[PDB]
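A.B. asks: One file is attached below, final33.cif, containing mmCIF, C-alpha atoms and all ligand atoms.
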```cif
data_model
loop_
_atom_site.label_atom_id
_atom_site.label_comp_id
_atom_site.auth_asym_id
_atom_site.auth_seq_id
_atom_site.Cartn_x
_atom_site.Cartn_y
_atom_site.Cartn_z
CA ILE A 1 0.00 0.00 0.00
CA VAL A 2 1.42 3.27 -1.24
CA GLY A 3 0.31 6.52 0.40
CA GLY A 4 -1.85 4.82 3.00
CA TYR A 5 -1.81 4.58 6.83
CA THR A 6 -1.15 2.06 9.58
CA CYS A 7 -4.49 0.26 10.07
CA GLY A 8 -4.14 -0.51 13.71
CA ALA A 9 -3.59 -3.94 15.16
CA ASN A 10 -6.34 -6.41 14.27
CA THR A 11 -8.74 -3.68 13.09
CA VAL A 12 -9.03 -5.57 9.79
CA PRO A 13 -9.77 -8.97 11.26
CA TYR A 14 -10.62 -10.73 7.93
CA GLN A 15 -7.20 -9.83 6.47
CA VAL A 16 -4.92 -12.85 6.02
CA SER A 17 -1.29 -13.25 5.07
CA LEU A 18 -0.42 -16.10 2.71
CA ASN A 19 2.99 -17.52 3.57
CA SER A 20 5.16 -19.96 1.64
CA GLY A 21 8.21 -19.40 3.82
CA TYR A 22 7.63 -15.66 3.44
CA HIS A 23 4.65 -13.34 3.00
CA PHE A 24 3.74 -13.30 -0.70
CA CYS A 25 0.08 -12.27 -1.02
CA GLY A 26 -2.98 -11.25 1.02
CA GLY A 27 -6.37 -12.85 1.25
CA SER A 28 -9.73 -12.51 2.96
CA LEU A 29 -11.39 -14.85 5.42
CA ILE A 30 -14.95 -15.47 4.31
CA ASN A 31 -15.88 -18.18 6.82
CA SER A 32 -14.01 -20.34 9.35
CA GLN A 33 -12.59 -22.66 6.69
CA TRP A 34 -12.18 -20.58 3.55
CA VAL A 35 -10.04 -17.72 2.19
CA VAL A 36 -10.60 -15.73 -1.01
CA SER A 37 -7.45 -14.57 -2.82
CA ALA A 38 -6.21 -13.86 -6.37
CA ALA A 39 -5.62 -16.66 -8.84
CA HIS A 40 -2.32 -15.01 -9.74
CA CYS A 41 -1.28 -15.69 -6.14
CA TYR A 42 -1.58 -19.48 -6.72
CA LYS A 43 1.22 -21.65 -5.50
CA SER A 44 1.73 -24.92 -3.65
CA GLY A 45 2.59 -25.02 0.04
CA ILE A 46 0.48 -22.18 1.39
CA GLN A 47 0.08 -21.49 5.08
CA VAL A 48 -2.70 -19.07 5.97
CA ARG A 49 -1.83 -16.61 8.73
CA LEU A 50 -4.79 -15.07 10.52
CA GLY A 51 -4.85 -12.48 13.28
CA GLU A 52 -1.65 -10.81 12.07
CA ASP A 53 -0.46 -7.27 12.51
CA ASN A 54 3.37 -7.38 12.51
CA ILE A 55 4.03 -10.29 10.18
CA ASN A 56 7.62 -10.69 11.40
CA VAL A 57 6.89 -10.92 15.14
CA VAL A 58 4.65 -13.35 16.97
CA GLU A 59 2.45 -10.96 18.93
CA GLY A 60 -0.04 -13.41 20.43
CA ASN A 61 -3.25 -13.28 18.40
CA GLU A 62 -2.15 -15.29 15.40
CA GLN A 63 -3.51 -18.49 14.01
CA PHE A 64 -1.38 -20.33 11.45
CA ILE A 65 -3.29 -22.96 9.45
CA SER A 66 -2.02 -24.80 6.35
CA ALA A 67 -4.14 -24.92 3.22
CA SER A 68 -5.58 -28.31 2.36
CA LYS A 69 -6.69 -27.29 -1.17
CA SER A 70 -6.40 -24.34 -3.57
CA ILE A 71 -9.02 -23.84 -6.25
CA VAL A 72 -8.29 -21.39 -9.10
CA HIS A 73 -11.34 -20.08 -10.97
CA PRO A 74 -12.05 -22.42 -13.88
CA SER A 75 -11.87 -19.53 -16.35
CA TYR A 76 -8.86 -17.71 -14.97
CA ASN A 77 -6.69 -16.31 -17.76
CA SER A 78 -3.24 -15.31 -16.49
CA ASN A 79 -2.55 -13.24 -19.63
CA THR A 80 -5.53 -10.88 -19.23
CA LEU A 81 -6.12 -11.48 -15.47
CA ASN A 82 -9.75 -12.07 -16.33
CA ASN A 83 -11.36 -14.08 -13.51
CA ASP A 84 -8.48 -13.41 -11.08
CA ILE A 85 -9.89 -15.23 -8.08
CA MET A 86 -8.97 -18.33 -6.03
CA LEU A 87 -10.39 -20.17 -3.04
CA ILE A 88 -8.18 -21.60 -0.36
CA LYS A 89 -9.57 -24.24 2.02
CA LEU A 90 -7.97 -24.42 5.47
CA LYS A 91 -6.91 -27.81 6.88
CA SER A 92 -8.72 -26.87 10.09
CA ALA A 93 -11.37 -24.31 11.06
CA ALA A 94 -10.17 -20.98 12.32
CA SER A 95 -11.31 -19.96 15.79
CA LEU A 96 -13.32 -16.83 15.21
CA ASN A 97 -12.94 -13.98 17.71
CA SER A 98 -12.63 -10.17 17.77
CA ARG A 99 -9.28 -10.29 16.02
CA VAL A 100 -10.08 -13.10 13.56
CA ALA A 101 -13.38 -12.62 11.79
CA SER A 102 -14.98 -13.36 8.43
CA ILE A 103 -16.04 -10.72 5.93
CA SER A 104 -19.38 -11.08 4.13
CA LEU A 105 -19.78 -11.82 0.44
CA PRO A 106 -21.74 -9.22 -1.57
CA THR A 107 -25.40 -9.69 -2.59
CA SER A 108 -25.21 -6.64 -4.88
CA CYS A 109 -22.28 -5.13 -6.73
CA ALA A 110 -20.87 -1.89 -5.29
CA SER A 111 -21.42 1.53 -6.83
CA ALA A 112 -19.09 3.99 -8.44
CA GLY A 113 -17.99 6.60 -5.92
CA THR A 114 -18.34 4.21 -2.97
CA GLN A 115 -15.43 4.59 -0.49
CA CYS A 116 -13.73 1.26 0.19
CA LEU A 117 -10.93 -0.05 2.43
CA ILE A 118 -7.91 -1.72 0.83
CA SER A 119 -5.30 -3.34 3.01
CA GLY A 120 -2.09 -5.32 2.95
CA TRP A 121 1.63 -5.77 3.61
CA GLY A 122 2.69 -4.91 0.10
CA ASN A 123 5.24 -2.41 -1.18
CA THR A 124 4.82 1.11 0.13
CA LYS A 125 6.83 2.94 -2.49
CA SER A 126 5.70 4.07 -5.97
CA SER A 127 9.23 3.56 -7.22
CA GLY A 128 11.69 1.35 -5.44
CA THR A 129 10.59 -0.97 -2.68
CA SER A 130 9.95 -0.91 1.08
CA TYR A 131 7.89 -3.64 2.72
CA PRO A 132 6.14 -2.89 5.99
CA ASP A 133 5.89 -5.08 9.05
CA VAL A 134 2.49 -3.91 10.25
CA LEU A 135 -0.70 -3.90 8.21
CA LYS A 136 -1.32 -0.86 6.01
CA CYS A 137 -4.64 0.54 4.88
CA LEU A 138 -5.94 2.85 2.16
CA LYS A 139 -9.35 4.45 1.73
CA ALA A 140 -10.19 4.65 -1.99
CA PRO A 141 -13.29 5.14 -4.12
CA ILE A 142 -14.55 2.96 -6.90
CA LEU A 143 -13.98 4.71 -10.21
CA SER A 144 -16.29 5.02 -13.13
CA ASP A 145 -16.22 2.49 -15.92
CA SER A 146 -15.32 5.34 -18.27
CA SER A 147 -12.31 6.31 -16.28
CA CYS A 148 -11.15 2.74 -15.77
CA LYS A 149 -11.41 1.81 -19.41
CA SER A 150 -9.72 5.02 -20.53
CA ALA A 151 -6.85 4.32 -18.12
CA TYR A 152 -6.34 0.80 -19.52
CA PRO A 153 -7.71 0.70 -23.03
CA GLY A 154 -8.85 -2.71 -24.25
CA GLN A 155 -7.93 -4.42 -20.98
CA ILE A 156 -10.81 -3.93 -18.59
CA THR A 157 -13.40 -6.68 -18.57
CA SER A 158 -16.80 -6.82 -16.92
CA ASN A 159 -15.09 -8.85 -14.14
CA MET A 160 -12.86 -5.92 -13.15
CA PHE A 161 -13.22 -2.50 -11.60
CA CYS A 162 -10.84 0.38 -10.83
CA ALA A 163 -10.42 2.07 -7.51
CA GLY A 164 -8.09 4.75 -6.23
CA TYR A 165 -6.82 8.12 -7.38
CA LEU A 166 -6.06 9.20 -10.95
CA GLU A 167 -3.71 11.87 -9.63
CA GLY A 168 -1.29 9.26 -8.33
CA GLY A 169 0.44 8.60 -4.99
CA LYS A 170 -2.21 6.37 -3.39
CA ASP A 171 -2.70 2.73 -4.45
CA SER A 172 -2.26 -0.91 -3.65
CA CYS A 173 0.88 -2.67 -4.91
CA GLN A 174 2.56 -6.07 -5.17
CA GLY A 175 2.36 -7.98 -1.91
CA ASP A 176 -1.10 -6.57 -1.34
CA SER A 177 -2.10 -8.80 -4.23
CA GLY A 178 -4.93 -11.18 -3.39
CA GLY A 179 -6.10 -9.04 -0.46
CA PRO A 180 -9.38 -7.29 0.26
CA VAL A 181 -11.28 -4.37 -1.08
CA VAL A 182 -14.14 -3.95 1.39
CA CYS A 183 -17.02 -1.58 0.72
CA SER A 184 -20.06 -1.20 3.01
CA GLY A 185 -18.97 -4.19 4.99
CA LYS A 186 -18.74 -6.63 2.06
CA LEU A 187 -15.79 -8.08 0.13
CA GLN A 188 -16.25 -6.39 -3.23
CA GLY A 189 -12.75 -6.49 -4.66
CA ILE A 190 -9.50 -8.45 -4.74
CA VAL A 191 -6.20 -6.69 -5.34
CA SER A 192 -5.37 -7.89 -8.88
CA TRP A 193 -3.27 -5.62 -11.10
CA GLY A 194 -2.20 -2.18 -12.30
CA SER A 195 0.60 -0.41 -14.13
CA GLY A 196 3.28 0.13 -11.51
CA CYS A 197 1.88 1.43 -8.23
CA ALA A 198 0.32 4.81 -7.50
CA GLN A 199 1.08 6.16 -10.97
CA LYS A 200 -0.86 9.08 -12.40
CA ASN A 201 -3.82 7.88 -14.53
CA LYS A 202 -3.12 4.26 -13.73
CA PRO A 203 -5.40 3.31 -10.87
CA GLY A 204 -5.63 -0.10 -9.23
CA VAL A 205 -7.60 -2.82 -10.94
CA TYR A 206 -9.62 -5.20 -8.81
CA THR A 207 -11.44 -8.48 -9.34
CA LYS A 208 -15.19 -7.86 -9.17
CA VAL A 209 -16.15 -10.35 -6.47
CA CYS A 210 -19.89 -9.89 -6.81
CA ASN A 211 -19.69 -11.66 -10.19
CA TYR A 212 -18.31 -14.82 -8.47
CA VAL A 213 -20.60 -15.37 -5.48
CA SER A 214 -22.51 -18.22 -7.12
CA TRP A 215 -19.27 -20.05 -7.92
CA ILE A 216 -17.95 -19.33 -4.44
CA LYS A 217 -21.07 -20.63 -2.71
CA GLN A 218 -21.31 -23.76 -4.86
CA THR A 219 -17.59 -24.52 -4.47
CA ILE A 220 -17.52 -24.22 -0.69
CA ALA A 221 -20.70 -26.29 -0.42
CA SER A 222 -18.95 -29.23 -2.00
CA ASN A 223 -15.39 -29.01 -0.62
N1 LIG B 301 -24.91 0.94 1.64
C1 LIG B 301 -24.58 0.07 0.64
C2 LIG B 301 -24.13 0.51 -0.61
BR1 LIG B 301 -23.88 2.38 -0.82
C3 LIG B 301 -23.82 -0.31 -1.68
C4 LIG B 301 -23.28 0.23 -2.98
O1 LIG B 301 -22.05 0.40 -3.15
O2 LIG B 301 -24.12 0.49 -3.87
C5 LIG B 301 -23.98 -1.66 -1.47
BR2 LIG B 301 -23.65 -2.91 -2.86
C6 LIG B 301 -24.38 -2.17 -0.24
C7 LIG B 301 -24.50 -3.66 -0.01
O3 LIG B 301 -23.43 -4.18 0.41
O4 LIG B 301 -25.60 -4.20 -0.23
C8 LIG B 301 -24.69 -1.32 0.81
BR3 LIG B 301 -25.23 -2.04 2.49
CA CA B 302 2.66 -11.48 14.00
CL CL B 303 -17.10 3.61 -20.66
#
```
Can you give me the file's structure in the form of structure tokens?
Ligand SMILES: Nc1c(Br)c(C(=O)O)c(Br)c(C(=O)O)c1Br
Ligand SMILES: [Ca+2]
Ligand SMILES: [Cl-]

C.D. replies:
Amino acid sequence: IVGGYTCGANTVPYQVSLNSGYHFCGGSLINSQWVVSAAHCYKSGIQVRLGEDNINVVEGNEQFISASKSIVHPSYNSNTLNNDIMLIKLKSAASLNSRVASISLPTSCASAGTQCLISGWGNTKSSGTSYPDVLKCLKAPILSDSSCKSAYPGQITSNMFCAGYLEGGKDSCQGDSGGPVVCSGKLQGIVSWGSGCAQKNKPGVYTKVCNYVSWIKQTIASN
């Protein structure tokens, strides 16, 4: 997160860290046994880390649970990032509490101009790199279709939306990838892609979760 703020310990209790020996992506806890992340975050050997603030220090509210299964969206295209969503099933149920909590799935898609919360442990610089220890947050509005498509001509599908600031300096970035965009208390976006980070006229692009809730519900009902 570039240009954001320190969230505050466990104030984003659905935020997870995905760890394969190191933090590599975020995710969102949607019930005690399932995480939503980005398909481009796929890899083997994932451990889900819940209840984190400083990812490099055991502070006492963590739960570390290995993934039993990862399920990439059947129509994910890594070239276009169309359908950039994955489900991760935990080997055991998380114990839900004030600091580890699920976020609701949408029943309606979010509106342009809605102010959302984006969070993660990704890069905090727009050029170069600096990776934080504690969770960072950004408030950002959903942009119009017109602005999103003009920013990224021929690349925005109906399964994507833009959020952030066309003027630059405030965005998500690699390492936030796979993490939440929460709007009105629902998981509406997944950190997916963009050109650099926090560049003028190149806002963040987010997987449009509301398009996937049928697939999510059916998949978790059978796995
Ligand atoms: N207040 C509110 C708004 Br504004 C929007 C929206 O962005 O249009 C949505 Br999709 C919801 C919802 O999550 O149903 C709610 Br609650
Ligand atoms: Ca920790
Ligand atoms: Cl348009």

A.B. asks: May I ask for the distance between atom CA of residue A:29 and atom CA of residue A:203, given in Å to one decimal place?

C.D. replies: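 Calculated distance between atom CA of residue A:29 and atom CA of residue A:203 is 25.1 Å.
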
A.B. asks: In terms of the shortest atom-to-atom distance over only C-alpha atoms and all ligand atoms, which of A:160, A:36, A:191, A:112 is closest to ligand LIG 301 (chain B)?

C.D. replies: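 Once distances to ligand LIG 301 (chain B) are computed over only C-alpha atoms and all ligand atoms, the minimum belongs to A:112.
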
A.B. asks: Could you give me, as a PyMOL selection string, the residues within 10 Å of residue A:211, counting only C-alpha atoms and dropping anything in the same chain fewer than 5 positions from it?

C.D. replies: chain A and resi 83+106-109+158-160+188+216

A.B. asks: Please, what distance in Å, to one decimal, runs between atom CA of residue A:184 and atom CA of residue A:141?

C.D. replies: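 Between these atoms lies a distance of 11.7 Å.
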
A.B. asks: Wanna dump the chain A-ligand LIG 301 (chain B) contacts at 12 Å for me, each residue with its shortest atom pair and the distance in Å to one decimal, counting all atoms listed in the file, ordered by chain and number, as a Markdown table?

C.D. replies:
```
| residue | atom | partner | partner_atom | distance |
| --- | --- | --- | --- | --- |
| A:103 | CA | B:LIG301 | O3 | 11.3 |
| A:104 | CA | B:LIG301 | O3 | 8.8 |
| A:105 | CA | B:LIG301 | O3 | 8.5 |
| A:106 | CA | B:LIG301 | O3 | 5.7 |
| A:107 | CA | B:LIG301 | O4 | 6.0 |
| A:108 | CA | B:LIG301 | BR2 | 4.5 |
| A:109 | CA | B:LIG301 | BR2 | 4.7 |
| A:110 | CA | B:LIG301 | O1 | 3.3 |
| A:111 | CA | B:LIG301 | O1 | 3.9 |
| A:112 | CA | B:LIG301 | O1 | 7.0 |
| A:113 | CA | B:LIG301 | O1 | 7.9 |
| A:114 | CA | B:LIG301 | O1 | 5.3 |
| A:115 | CA | B:LIG301 | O1 | 8.3 |
| A:116 | CA | B:LIG301 | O1 | 9.0 |
| A:141 | CA | B:LIG301 | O1 | 10.0 |
| A:142 | CA | B:LIG301 | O1 | 8.8 |
| A:143 | CA | B:LIG301 | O1 | 11.6 |
| A:181 | CA | B:LIG301 | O1 | 12.0 |
| A:182 | CA | B:LIG301 | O3 | 9.3 |
| A:183 | CA | B:LIG301 | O1 | 6.6 |
| A:184 | CA | B:LIG301 | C8 | 5.1 |
| A:185 | CA | B:LIG301 | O3 | 6.4 |
| A:186 | CA | B:LIG301 | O3 | 5.5 |
| A:187 | CA | B:LIG301 | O3 | 8.6 |
| A:188 | CA | B:LIG301 | BR2 | 8.2 |
| A:189 | CA | B:LIG301 | BR2 | 11.6 |
| A:208 | CA | B:LIG301 | BR2 | 11.7 |
| A:209 | CA | B:LIG301 | BR2 | 11.2 |
| A:210 | CA | B:LIG301 | BR2 | 8.9 |
```

A.B. asks: Which residues of chain A sit at most 12 Å from ligand CA 302 (chain B), using all atoms listed in the file? Give each one's shortest atom pair and distance in Å (one decimal place), in chain and ascending residue order, as JSON lines.

C.D. replies:
```
{"residue": "A:9", "atom": "CA", "partner": "B:CA302", "partner_atom": "CA", "distance": 9.9}
{"residue": "A:10", "atom": "CA", "partner": "B:CA302", "partner_atom": "CA", "distance": 10.3}
{"residue": "A:16", "atom": "CA", "partner": "B:CA302", "partner_atom": "CA", "distance": 11.1}
{"residue": "A:17", "atom": "CA", "partner": "B:CA302", "partner_atom": "CA", "distance": 9.9}
{"residue": "A:23", "atom": "CA", "partner": "B:CA302", "partner_atom": "CA", "distance": 11.3}
{"residue": "A:49", "atom": "CA", "partner": "B:CA302", "partner_atom": "CA", "distance": 8.6}
{"residue": "A:50", "atom": "CA", "partner": "B:CA302", "partner_atom": "CA", "distance": 9.0}
{"residue": "A:51", "atom": "CA", "partner": "B:CA302", "partner_atom": "CA", "distance": 7.6}
{"residue": "A:52", "atom": "CA", "partner": "B:CA302", "partner_atom": "CA", "distance": 4.8}
{"residue": "A:53", "atom": "CA", "partner": "B:CA302", "partner_atom": "CA", "distance": 5.4}
{"residue": "A:54", "atom": "CA", "partner": "B:CA302", "partner_atom": "CA", "distance": 4.4}
{"residue": "A:55", "atom": "CA", "partner": "B:CA302", "partner_atom": "CA", "distance": 4.2}
{"residue": "A:56", "atom": "CA", "partner": "B:CA302", "partner_atom": "CA", "distance": 5.7}
{"residue": "A:57", "atom": "CA", "partner": "B:CA302", "partner_atom": "CA", "distance": 4.4}
{"residue": "A:58", "atom": "CA", "partner": "B:CA302", "partner_atom": "CA", "distance": 4.0}
{"residue": "A:59", "atom": "CA", "partner": "B:CA302", "partner_atom": "CA", "distance": 5.0}
{"residue": "A:60", "atom": "CA", "partner": "B:CA302", "partner_atom": "CA", "distance": 7.2}
{"residue": "A:61", "atom": "CA", "partner": "B:CA302", "partner_atom": "CA", "distance": 7.6}
{"residue": "A:62", "atom": "CA", "partner": "B:CA302", "partner_atom": "CA", "distance": 6.3}
{"residue": "A:63", "atom": "CA", "partner": "B:CA302", "partner_atom": "CA", "distance": 9.3}
{"residue": "A:64", "atom": "CA", "partner": "B:CA302", "partner_atom": "CA", "distance": 10.1}
{"residue": "A:121", "atom": "CA", "partner": "B:CA302", "partner_atom": "CA", "distance": 11.9}
{"residue": "A:133", "atom": "CA", "partner": "B:CA302", "partner_atom": "CA", "distance": 8.7}
{"residue": "A:134", "atom": "CA", "partner": "B:CA302", "partner_atom": "CA", "distance": 8.4}
{"residue": "A:135", "atom": "CA", "partner": "B:CA302", "partner_atom": "CA", "distance": 10.1}
```

A.B. asks: I need the residues from that last selection saved to file as a PDB file, keeping the file's coordinate frame (with C-alpha atoms), if you can.

C.D. replies:
```pdb
ATOM      1  CA  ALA A   9      -3.590  -3.940  15.160  1.00  0.00           C
ATOM      2  CA  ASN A  10      -6.340  -6.410  14.270  1.00  0.00           C
ATOM      3  CA  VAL A  16      -4.920 -12.850   6.020  1.00  0.00           C
ATOM      4  CA  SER A  17      -1.290 -13.250   5.070  1.00  0.00           C
ATOM      5  CA  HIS A  23       4.650 -13.340   3.000  1.00  0.00           C
ATOM      6  CA  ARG A  49      -1.830 -16.610   8.730  1.00  0.00           C
ATOM      7  CA  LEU A  50      -4.790 -15.070  10.520  1.00  0.00           C
ATOM      8  CA  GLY A  51      -4.850 -12.480  13.280  1.00  0.00           C
ATOM      9  CA  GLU A  52      -1.650 -10.810  12.070  1.00  0.00           C
ATOM     10  CA  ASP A  53      -0.460  -7.270  12.510  1.00  0.00           C
ATOM     11  CA  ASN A  54       3.370  -7.380  12.510  1.00  0.00           C
ATOM     12  CA  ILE A  55       4.030 -10.290  10.180  1.00  0.00           C
ATOM     13  CA  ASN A  56       7.620 -10.690  11.400  1.00  0.00           C
ATOM     14  CA  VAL A  57       6.890 -10.920  15.140  1.00  0.00           C
ATOM     15  CA  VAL A  58       4.650 -13.350  16.970  1.00  0.00           C
ATOM     16  CA  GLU A  59       2.450 -10.960  18.930  1.00  0.00           C
ATOM     17  CA  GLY A  60      -0.040 -13.410  20.430  1.00  0.00           C
ATOM     18  CA  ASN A  61      -3.250 -13.280  18.400  1.00  0.00           C
ATOM     19  CA  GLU A  62      -2.150 -15.290  15.400  1.00  0.00           C
ATOM     20  CA  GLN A  63      -3.510 -18.490  14.010  1.00  0.00           C
ATOM     21  CA  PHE A  64      -1.380 -20.330  11.450  1.00  0.00           C
ATOM     22  CA  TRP A 121       1.630  -5.770   3.610  1.00  0.00           C
ATOM     23  CA  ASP A 133       5.890  -5.080   9.050  1.00  0.00           C
ATOM     24  CA  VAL A 134       2.490  -3.910  10.250  1.00  0.00           C
ATOM     25  CA  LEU A 135      -0.700  -3.900   8.210  1.00  0.00           C
TER      26      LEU A 135
END
```

A.B. asks: Looking at only C-alpha atoms, which of A:90, A:162, A:96, A:39 is the one that sits closest to residue A:195?

C.D. replies: A:162

A.B. asks: Which residue is closest to residue A:5? Choose from A:117, A:148, A:48, A:190 and count only C-alpha atoms.

C.D. replies: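 Between A:117, A:148, A:48, A:190, the residue approaching residue A:5 most closely is A:117.
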
A.B. asks: Please write stretch 140-154 of chain A of the preceding block to a file containing N, CA and C atoms, as a CSV table (one decimal), in the first residue's frame?

C.D. replies:
```
chain,number,residue,atom,x,y,z
A,140,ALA,N,-10.2,4.3,-0.6
A,140,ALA,CA,-10.2,4.7,-2.0
A,140,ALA,C,-11.6,4.4,-2.6
A,141,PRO,N,-12.0,5.3,-3.4
A,141,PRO,CA,-13.3,5.1,-4.1
A,141,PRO,C,-13.2,4.3,-5.4
A,142,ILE,N,-14.3,3.6,-5.6
A,142,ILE,CA,-14.5,3.0,-6.9
A,142,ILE,C,-14.7,4.0,-8.0
A,143,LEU,N,-14.0,3.8,-9.1
A,143,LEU,CA,-14.0,4.7,-10.2
A,143,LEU,C,-15.0,4.3,-11.2
A,144,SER,N,-15.4,5.3,-12.0
A,144,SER,CA,-16.3,5.0,-13.1
A,144,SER,C,-15.6,4.1,-14.1
A,145,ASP,N,-16.6,3.3,-14.8
A,145,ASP,CA,-16.2,2.5,-15.9
A,145,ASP,C,-15.5,3.3,-17.0
A,146,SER,N,-15.9,4.5,-17.2
A,146,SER,CA,-15.3,5.3,-18.3
A,146,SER,C,-13.9,5.6,-17.9
A,147,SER,N,-13.7,5.9,-16.6
A,147,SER,CA,-12.3,6.3,-16.3
A,147,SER,C,-11.4,5.1,-16.3
A,148,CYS,N,-12.0,4.0,-15.9
A,148,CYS,CA,-11.2,2.7,-15.8
A,148,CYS,C,-10.7,2.3,-17.1
A,149,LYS,N,-11.7,2.2,-18.0
A,149,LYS,CA,-11.4,1.8,-19.4
A,149,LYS,C,-10.5,2.8,-20.1
A,150,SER,N,-10.7,4.1,-19.9
A,150,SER,CA,-9.7,5.0,-20.5
A,150,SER,C,-8.3,4.9,-20.0
A,151,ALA,N,-8.2,4.5,-18.7
A,151,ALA,CA,-6.9,4.3,-18.1
A,151,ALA,C,-6.1,3.1,-18.7
A,152,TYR,N,-6.9,2.1,-19.1
A,152,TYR,CA,-6.3,0.8,-19.5
A,152,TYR,C,-7.1,0.3,-20.7
A,153,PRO,N,-6.9,1.0,-21.9
A,153,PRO,CA,-7.7,0.7,-23.0
A,153,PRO,C,-7.5,-0.7,-23.5
A,154,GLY,N,-8.6,-1.4,-23.8
A,154,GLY,CA,-8.8,-2.7,-24.2
A,154,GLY,C,-8.5,-3.8,-23.2
```
